[PDB]
Every structure is written in C-alpha cells, then in structure tokens.
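Before any comments, here is the structure.
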Amino acid sequence: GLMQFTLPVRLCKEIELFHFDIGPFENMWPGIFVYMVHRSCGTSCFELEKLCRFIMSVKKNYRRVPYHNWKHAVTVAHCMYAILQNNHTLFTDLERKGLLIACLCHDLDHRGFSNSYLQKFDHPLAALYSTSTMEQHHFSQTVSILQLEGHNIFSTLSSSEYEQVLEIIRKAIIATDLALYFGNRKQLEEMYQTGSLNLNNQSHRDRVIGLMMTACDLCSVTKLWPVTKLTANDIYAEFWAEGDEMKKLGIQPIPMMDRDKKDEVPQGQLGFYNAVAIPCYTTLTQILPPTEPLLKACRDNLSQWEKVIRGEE
Ligand SMILES: CNC(=O)c1cnn(C)c1C(=O)Nc1ccn2cc(-c3ccccc3)nc2n1
Ligand SMILES: [Cl-]
Ligand SMILES: [Mg+2]
Ligand SMILES: [Zn+2]
C-alpha cells in the first residue's frame, strides 16, 4: 500500500527522459518497471505480490538471445512510460495499465528469428498463425502467464474492463508486426493531413496506439549514439544468425542478414532510418507533439550514421 519504489537520484531524474538506458544491472530492471507502473498508473492499479510474480514469470519466458531479450522488453516499456508521462491526459486509466504490460510482454518467447524464417523453415507456429506469427504467439504467451495461479494482475477489474484491457494488449502486441506499421502510418498520415483524425473514434485510437507501439519497439534508434551503436551489434547478431539459418535451408538471405555483406551496414541503417524510423517518429510527433524528443534523437543518430559512411568514424 505505502510501499513506493525509489531509484537512486540519477535514475530518478534520467528515467523521465526518452533516451534513458536501463543499465547493465539485470536485477534492477523489475524495480525500474514497478517504479514506472506506480508513477504512470498509481500505487493501487496492481497488487504488488501479483505484479512482482507476473514480472518474474515474464522474465523467465524471454530467451537468452542477443536482442529480443528481457532487456529489450523493459527498454520498450520504458519508452512507452516516457510517451504516457508526456501525454498525461490523452490516455485512460486502463490504457496506461495495458500498454506498459503490452510492452513488457510484446516479444515473449522470441527465438531470435523473423516471421519470414518461420515460414521458410515451416515452423509449427507458421501453420497455427499465417500472419503476425511471432506476434500472435507473444500475445498467446501473455494470456498463459496471466492464467497462472497468483499471476492475474487484472483480477480486480470488472468483466468488461477486463475484456477491454486484454483487447488493448492484443492490438498493441499485434501492431509490433512491422509489416503492419507501413499501412498504419500511411492511414494516420492521411487522417492528420485531411483533418479527419479523431481520438474519440476508438478505431483511430487503435491506430495511434499501434504507432506508439512501433515507436517504443524501434526506440534503440532514439538513444544517445554510444547506446544506439552498441545495440546495433546485438540487432545484427540476430540478423546474421538468421542469415546463417537461411543458407542452411539453401536460400541466399537478403543482404541485411548476410554477415559477408557486413561492410554495407552503415548504408543499411541509412535506408532503415529513412524508410522506417524517421517517418515513424515524424507521424508520431504530428499526432502527439510532446514525443518530439524521439524524432530529434532519431535525426541525430541518422546524422551519426552519415558520419560513419563518410569515413569520419
Ligand atoms: C537499429 N534498428 C534496426 O536496424 C531495426 C530494428 N527493428 N528492425 C526491423 C530493424 C531493421 O529492419 N533494420 C534494418 C532494415 C533494413 N536494413 C538493410 C540493411 C543492410 C543492407 C545491406 C548490408 C547491411 C545492412 N540493414 C538493415 N537494417
Ligand atoms: Cl506523474
Ligand atoms: Mg517482435
Ligand atoms: Zn520488440
């Protein structure tokens, strides 16, 4: 009840900033996450005994992969926390509850491979879920952990508040399928331009929340250059292992996943910042003005990659 979590002074201050790094001490990440729920949603919204048990079961169900790991889960939750705290009044009691949990659970039991590799490998999950394969699994894994005895952090919501929040979490997690992002941003762009965008239209909220999810998920591109650069290594460690596995199936992988074409990474990041990151945080800043720091940090990192190409690093 009266058990507020407290961070050391530097974390207490820096955790409020979009570009915060949660640090290399694994055993503080749970406290950091509870700190963020308590400040974002209230000390009341979850029972601490149940939340703490949910967090540790979620941690156990992330794998020891180079990038799609427990640290990614908490990093993406922290980005959502920054967006929610900078857009205080635009989001309902339930949405804050559901989105921080969605972000923590959005990559549960990720094996380090894309939806494409599952389909070409012919993994069972690819027969169970024809599209958004890993994302339907991540949501499925979220529901399984909530149904463990003592793990229902939502127990004290009405039947209808309970169905609302599991619907928020499902849409939230599916939306991290980047193949869905391109169309979702195009529609938000069109609706903001023409003036039709209306946050009282539930189907318009859905789209906005989806872009928030893409923005939090991609937020490695919004950190200080040393963090961005060192995360890129982990991202490529998975891409290249997947390329390795493509070649074992007798398929030449795309260059992104071919460790022979490692030379061309700087140019590939340019592509990705230009085609995905910049449009994502631009459209997000238009809809939610106070998220501008994400756009500014992304532009700075674009500029840092331009300097790598030009031999200046
Ligand atoms: C920093 N975050 C990410 O990179 C990130 C995080 N989520 N997702 C999906 C990405 C991502 O798709 N990145 C891309 C996208 C296209 N690329 C093409 C190349 C490339 C080509 C030729 C030689 C070397 C590389 N590299 C790329 N990287
Ligand atoms: Cl506050
Ligand atoms: Mg994912
Ligand atoms: Zn993710």
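The first residue you see is number 1, and the count goes up from there.
Per deposition record, X-ray crystallography, 2.3 Å.
Just so it is clear, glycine is given a Cβ too, placed from its N, Cα and C backbone atoms.
Record note: Swiss-Prot gives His72, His106, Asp107 as divalent metal cation 1-binding, and the candidate from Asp206, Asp217, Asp244 in that site is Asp217. Working note on the binding-site residues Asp107, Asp217: by count of other C-beta atoms within 10 Å of each C-beta, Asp107 ranks first. Within 8 Å of the centroid defined by the CB atoms of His72, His106, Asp107, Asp217, the record's divalent metal cation 1 site, lie the Cβ atoms of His68, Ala73, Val76, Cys103, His110, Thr176, excluding the listed residues themselves. When the binding-site residues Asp107, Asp217, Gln269 are checked against ligand 4, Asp107, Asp217 have a Cβ within less than 6 Å of one of its atoms. With a cut-off of 8 Å between CB atoms and residues at least 6 apart in sequence, the same chain places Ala73, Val76, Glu135, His138, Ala172, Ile173, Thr176, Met213, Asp217 near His106 (divalent metal cation 1 binding site), listed in sequence order. For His72 (divalent metal cation 1 binding site), the Cβ neighbour count at a 10 Å cut-off comes to 23, with all displayed protein chains included.
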